[PDB]
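In the block that follows, a single chain appears as structure tokens, in the form deposited in one PDB entry.
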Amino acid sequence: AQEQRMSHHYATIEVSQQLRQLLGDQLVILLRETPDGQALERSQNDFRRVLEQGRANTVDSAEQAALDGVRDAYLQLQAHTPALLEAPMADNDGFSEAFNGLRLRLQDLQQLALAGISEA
């Protein structure tokens, strides 16, 4: 029974990693000199998709409720996003690219450590 709780919790961990990556993707776009609204649209649709997939197959009350909380907060973020497109945030892509570089390395470090735990 411990292993069955395990694979379920790992799926949830993967959902949370995908959502964090997608939020990161959106921030990278929004921080560019000239954000691409269609890229932003795709990334938002992707976030909602991963969240809904996750909500539909999580069979654990605490994690269902956490996902509901993520949805609630995400809808608010989405509502404030157009004001960032309408008026860009940077004079060049410097910060966006530096941010992207760092956050990818941090994501990779977490995944590397998670791996060390799995195969053990």
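If you superpose the two forms and keep the largest set of C-alpha atoms that fall within 1.5 Å, you have the rigid core. The first residue of the shown sequence is 1; numbering continues from there.
Keep in mind that the form deposited in another entry is not shown, yet the notes after this line are about it.
Rigid-core fit between this form and the one not shown: of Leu77, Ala66, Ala39, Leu84, the one residue whose Cα shifts 2 angstroms or more is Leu84.
Relative to the shown form, the CA atoms of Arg49 and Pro88 are pushed 3 Å or more farther apart in the other form.
In the other form, the Cα-Cα separation between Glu86 and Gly37 grows by 3 Å or more relative to the displayed conformation.
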